[PDB]
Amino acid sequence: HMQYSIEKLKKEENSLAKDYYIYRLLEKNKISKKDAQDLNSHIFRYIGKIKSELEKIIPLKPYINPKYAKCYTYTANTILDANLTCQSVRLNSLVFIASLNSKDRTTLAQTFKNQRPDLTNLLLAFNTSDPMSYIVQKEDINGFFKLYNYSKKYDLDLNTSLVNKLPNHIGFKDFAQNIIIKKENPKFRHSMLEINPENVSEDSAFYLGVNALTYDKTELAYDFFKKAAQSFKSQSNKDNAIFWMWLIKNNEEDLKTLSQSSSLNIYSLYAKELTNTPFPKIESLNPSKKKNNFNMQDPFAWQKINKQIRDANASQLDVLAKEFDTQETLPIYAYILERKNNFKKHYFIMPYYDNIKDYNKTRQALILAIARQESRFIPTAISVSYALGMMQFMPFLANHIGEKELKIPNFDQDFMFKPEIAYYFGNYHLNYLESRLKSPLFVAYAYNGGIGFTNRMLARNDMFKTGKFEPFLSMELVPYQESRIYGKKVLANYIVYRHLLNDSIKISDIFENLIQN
């Protein structure tokens, strides 16, 4: 490999690459207390392992606004001795409110009834055995979400008037998504059958459709999915909603509209196959030029050219298109062309093909499918979790395969930035997953979320079994959003690559194999 001292890193631009190499120093204990002093301002994304690792060296004291400093010297026993500003600041915390004695909640409720009746409602609510039931009786919507955030355990029936107020609050999106996907708060869930589709849109409308289906309310479901179809920004999400309109009410205009979609996704591909519509046009990228001056193995060069491409006018893109129109830079070319045709055309490149042409055509397609979604084939790709290269191996996994299993001499996790190694480790890991899971959809779930996650999901008696709307409904209820989306996208990619390799499979065969018989 190649190493970077903290001093060389401090001279590179802030980026995930620089963060990755700082994290490597921290995990090998190579950052002194002295080196760590100014280090916060050299970190692009100060979240997760790099933060908990830096704070083992230089602990951070949780920020308190100097205006309110004196407000945090009071406790539940002395809050009545604080000025009215301090009293109102401390009451932002429901935990603080829960900690007060009931007589001091009655006193502060009276004090704030006039200018802050939100605080009065929460104080008087915690003087009852069911704060949620009190807040719901007041139809205090801000209080409702502050309570939900304090504890997910509150559950109560909500009437038509109250549930139709919830969508107007910022918190409604996450609330509806989490309780429907996690199958928690059954009374909240049942209550959301009465939300007017007029009052919701986009993701929330869609999840309220999935909710209606779980109660076999097919009419309410169609209406939610239709509103989702009308309001969603991305054609891919519209297609998903229109598919549900079709599956529930079987109007052949919905399926026609879906078969004619400019988005390539499992729903449009399926609709095309049901209507004997031809397979969509795939762009053909074949640059004659061999190489250029750019190092595809320099993670720092990628992070920098990535930013330039994001922030380029039409004029600079046409200059970048020409520079990067080579076989060695094909994945960057495809990325520039995607931005330059304003995301209208279908690019499914097959770079470093020599490394996979000896595997059977089905395996080539799964590898390419995963690589396209993982990295867009960028060899030095780095995730916010520092998953590495074209196939986005987490370090623990790259090291387990490289060191324990393959005993590669002088193995370093940065070998995942080499196409040869990424494709090779991809094949090796896919043999592990495919031997246990079979379906390329299940393999996709396990590649992104893990075989543990996937085994526990498939073992549930309500996931990927026989039913009216299966396996489509199961694909909407995969409990980890990243994995739910990853499966749909990789499956679409798999169908396309199998077509380009003259090893076509019908997506309807894939869907039949998802139901465990």
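The term rigid core refers to the most C-alpha atoms you can superpose between the two forms while keeping them within 1.5 Å. Just count from 1 along the sequence shown to find any residue number.
In a rigid core superposition of the other structures in 8 other deposited structures of this protein, 306-314 and 142-150 differ in how far their CA atoms stray, and the farther one is 306-314.
The segment moving more, judged by mean Cα distance from this form in 8 other deposited structures of this protein after a core overlay, is 336-344 among 121-129 and 336-344. Checked against the record, the higher mean CA B factor of 302-310 and 130-138 lies with 302-310. For the two regions 57-65 and 22-30, the entry's Cα B-factors average higher over 57-65.
For the set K146, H429, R372, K281, the PDB entry assigns the largest Cα B-factor to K281. When the C-alpha B-factors of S261, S234, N265, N286 are read from the PDB record, the largest value belongs to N286.
Split the chain's modelled residues into thirds by C-alpha temperature factor. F324 is in the highest one. The entry lists a Cα temperature factor for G449 that places it in the middle third of the chain's modelled residues. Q297: CA B factor lies in the highest third for its chain, per the PDB record. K238: CA B factor in the lowest third of modelled residues in this chain (values from the PDB entry). When the modelled residues of the chain are ordered by C-alpha B-factor, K468 sits in the middle third.
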